[PDB]
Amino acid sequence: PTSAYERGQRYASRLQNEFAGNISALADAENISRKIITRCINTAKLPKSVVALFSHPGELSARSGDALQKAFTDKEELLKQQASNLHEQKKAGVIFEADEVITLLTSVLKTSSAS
């Protein structure tokens, strides 16, 4: 099963050109809900760094990828930072699975840091 990130790349191009950016058009073409295209496409927007955090790109579900991207909209730099920070954890040997990555990543946006 190709990764959400991957699908998103394809969906992305097919939109810009093959369908004049008509999500609905592409959807029918791919014979799949529009949301699915949205979710994956937004995932493909995530920084290459953030993708790397996962062993296998398939570990980043379209659903979480989508939410991640929306969450860090207009804050790509913050995202990139967090991403690197986590990269050092594993660099220093630390290990956390998929489900955690998104959490730790998103953490910076949550107040539970101090409260």
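In case it trips you up, residue 1 is the first one in the sequence shown, and so on.
On average the C-alpha atoms of 52-60 have higher B-factors than those of the other stretch, with 67-75 and 52-60 being the two compared. Averaged over Cα atoms, the B-factor as recorded in the entry is higher for 85-93 than for the other of 33-41 and 85-93. In this PDB entry, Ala114 carries a Cα temperature factor that places it within the highest third of its chain's modelled residues.
In the PDB entry, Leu15 places in the highest third of its chain by CA B-factor. For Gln9, the recorded CA B-factor ranks within the highest third of the chain. Only modelled residues enter the ranking. When the modelled residues of the chain are ordered by their C-alpha B factor, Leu105 lands in the lowest third.
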